[PDB]
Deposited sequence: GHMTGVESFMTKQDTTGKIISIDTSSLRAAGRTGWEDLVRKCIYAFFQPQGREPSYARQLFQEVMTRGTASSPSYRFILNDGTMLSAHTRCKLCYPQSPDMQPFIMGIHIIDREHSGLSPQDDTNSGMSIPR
């Protein structure tokens, strides 16, 4: 269970691929992406968000990876995800794996 994003080299997400999520047979998947992303961009206590940390890392060295982060679906289902991204040749390919 996962989905993919590409970001331009300023950080703006320029597309999302929900293919594998749509192939996965569960409802709720739009809320899920929306929530997972917002979590990904949520500051971390006092440290910057995972999205800010990975974007600075991936631009400096072409790969970055986040720990698990948790987020909550509309019905209060609790999920977690983590993100891996690579700089491709110019854009950032990110994958977001849902540990369920």
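- Gaps between the deposited sequence and the modelled coordinates occur at 1-6, 96-102, 114-132, listed in sequence order.
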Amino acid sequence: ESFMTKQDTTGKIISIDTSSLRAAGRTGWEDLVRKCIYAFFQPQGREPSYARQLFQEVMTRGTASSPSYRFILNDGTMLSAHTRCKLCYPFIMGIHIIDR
From here on, numbers count along this sequence of modelled residues.
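- In the deposited entry, the Cα temperature factor of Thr10 sits in the middle third of values across the chain's modelled residues.
- In this PDB entry, the Cα temperature factor of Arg22 sits in the top third of its chain's modelled residues, the highest group.
- In the deposited entry, the Cα temperature factor of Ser49 places it in the lowest third of its chain's modelled residues.
- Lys86: CA B factor lies in the highest third for its chain, per the PDB record.
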